[PDB]
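>>> This one's experimental. Sequence and coordinates below.
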Amino acid sequence: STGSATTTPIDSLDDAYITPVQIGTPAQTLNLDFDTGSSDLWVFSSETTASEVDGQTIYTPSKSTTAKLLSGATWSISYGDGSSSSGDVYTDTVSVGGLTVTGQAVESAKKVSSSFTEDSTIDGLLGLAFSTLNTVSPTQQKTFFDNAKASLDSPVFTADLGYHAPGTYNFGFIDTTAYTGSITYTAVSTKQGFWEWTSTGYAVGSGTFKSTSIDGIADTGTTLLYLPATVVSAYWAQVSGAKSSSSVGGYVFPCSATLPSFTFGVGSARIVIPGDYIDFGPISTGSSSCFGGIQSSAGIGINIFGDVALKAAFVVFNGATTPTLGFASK
Ligand SMILES: Nc1ccc(F)cn1
């Protein structure tokens, strides 16, 4: 079997991507944030605190003839940005563009933090990292990918995020028309539960490539590219007027600048992120100071190849016996 769904940026800056997911019987379509950095499938629901719901579409388990309460199961999750959610668990039918999973754990939110409330376009998340990070207690649950894997034509899923454009999440196959050249595969460590790999280096604009090992995770759930301080300092040094701002919370640059590109290594292969992908618009409405898309990972504890980097490439999350990552230019 295979699945294919269109993923769409939530706004003009590509702050996040939403993909419609069908839940329950009859189908309840919720727009979820597919996150290769987490492992909980959670949704806004009929159980979410009224004041915490502001425009999102909710899942009503009582109206699904296939929804079953998972006795005594609860979940609670905290994310890198300080956001969080928690609640109870149902098992229900979940389909992503023609690919169906019966008995998939759907975590119904009883509480969501202010950032989820404020984001009316995101109805919940669909975790695509390794099931070892799933928060369901006392019995840990599996991800949508983990449950569908045995059935897929190939044990893979692909991310093809667009820059100010629609894109695709494919399950079970590799669309050879969606990329140029070849897919270069690289080793994955699942010890932290993430799609963790090692980049062979970087280049800033037309500058010389620095061969250096950068350990990080392929994370579609993180908007920006988070790299070591030395690397990020080398990038922003090429932009006139760029500076690290403690009040804003990162590197800022004059909105009138034309940003240099950023290249990262995948083995001998190179993925080029055009400069425009690194522009995250005014720091505050009407300001001429803009927020950078490449930020330091010094406060995080891990380098993050988020949407900024991934949207420059066709990405294969290969769930074979020994999992690996594939990257191609497109
Ligand atoms: N890095 C993040 C932050 C929030 C979220 F829901 C997922 N990933």
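Nice, I can see it. Numbering: from 1, shown residues only.
>>> for the ligand, what are the nearby residues on this protein?
35, 37-38, 79-81, 83, 125, 221-222 (C-beta under 6 Å from any ligand atom). The way it works is simple: take the backbone N, C-alpha and C, and place the C-beta from them, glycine included.
>>> Buried only: go through these for me.
Neighbour counting by 16 or more other C-beta atoms under 10 Å classes 35, 37-38, 79-80, 83, 125, 221-222 among the residues of the chain next to the ligand as buried.
>>> Spatially, what comes nearest to residue 98 if we skip its sequence neighbours?
Of all residues not flanking residue 98 in the chain, residue 3 sits nearest, at 5.3 Å (C-beta to C-beta, 6 or more residues apart in numbering).
>>> in the sheet, who's paired with that neighbour?
residue 171 (DSSP bridges).
>>> Mind putting the buried ones among the residues of the chain next to the ligand into JSON lines with secondary structure?
Output for those, formatted as JSON lines (DSSP: H, G, I helix; E, B strand; the rest coil):
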{"residue": "35", "secondary structure": "strand"}
{"residue": "37", "secondary structure": "coil"}
{"residue": "38", "secondary structure": "coil"}
{"residue": "79", "secondary structure": "coil"}
{"residue": "80", "secondary structure": "coil"}
{"residue": "83", "secondary structure": "coil"}
{"residue": "125", "secondary structure": "strand"}
{"residue": "221", "secondary structure": "coil"}
{"residue": "222", "secondary structure": "coil"}
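>>> could those residues go into JSON lines alongside distance to residue 17?
Converted to JSON lines, those look like this (distance: C-beta to C-beta, whole Å):
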{"residue": "35", "distance to residue 17": "10"}
{"residue": "37", "distance to residue 17": "13"}
{"residue": "38", "distance to residue 17": "14"}
{"residue": "79", "distance to residue 17": "16"}
{"residue": "80", "distance to residue 17": "17"}
{"residue": "83", "distance to residue 17": "17"}
{"residue": "125", "distance to residue 17": "11"}
{"residue": "221", "distance to residue 17": "9"}
{"residue": "222", "distance to residue 17": "11"}
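>>> In stretch 9-18, which residues are buried?
Neighbour-count burial for stretch 9-18 [16+ other C-beta under 10 Å]: 9-10, 14-18.
>>> Then stretch 257-267?
Quick answer for stretch 257-267 (16+ other C-beta under 10 Å): 259-266.
>>> again, but for stretch 145-165
145-149, 152, 155-162.
>>> Name the nearest residue to the residue in the stretch 101-250 of the chain that the ligand sits nearest to, sequence neighbours excluded.
For the stretch 101-250 of the chain, the residue closest to the ligand is residue 221, as judged by C-beta to the nearest ligand atom, at 3.6 Å. Nearest residue to residue 221, sequence neighbours excluded (C-beta to C-beta, 6+ apart): residue 35, at 3.1 Å.
>>> Run through the bridge partners of that neighbour.
Applying DSSP bridges, one finds that residue 35 bridges with residue 127.
>>> Contact partners for it?
Counting by C-beta atoms under 8 Å, 6 or more residues apart in numbering, residue 35 touches 125-129, 219-221.
>>> nearest to residue 246, of the buried residues of stretch 145-165?
residue 161 (30.3 Å; C-beta to C-beta).
>>> to the chain's geometric centre, what's the distance from stretch 153-165?
11 Å (C-alpha atoms, centre = their mean, to the nearest Å).
>>> Also stretch 199-219?
20 Å.
>>> Just the terminal-to-terminal distance for it.
Distance between the boundary residues of stretch 199-219 (C-alpha to C-alpha, to the nearest Å) amounts to 14 Å.
>>> mind listing what's buried in that stretch?
Quick answer for stretch 199-219 (16+ other C-beta under 10 Å): 199-204, 210, 214, 216-219.
>>> Same question for stretch 99-107.
99-101, 104-107.
>>> State the distance from the residue nearest to residue 22 when sequence neighbours are not counted to residue 243.
What sits nearest to residue 22 in space, not counting adjacent residues and going by C-beta to C-beta, 6+ apart, is residue 95, at 4.2 Å. The gap separating residue 95 from residue 243 is 48 Å, by C-beta to C-beta, to the nearest Å.
>>> neighbour count winner among these two?
residue 95 (21 against 13; other C-beta atoms under 10 Å).
>>> Surely the more buried one touches residue 20?
No. Assessed by C-beta atoms under 8 Å, residue 95 is found out of contact with residue 20, at 9.8 Å.
>>> Count the neighbours of the closest residue in space to residue 295 that isn't next to it in sequence for me.
Computed as C-beta to C-beta, 6+ apart, the closest residue to residue 295 that is not its neighbour in sequence is residue 250, at 4.7 Å. Residues near residue 250, counting by other C-beta under 10 Å, number 20.
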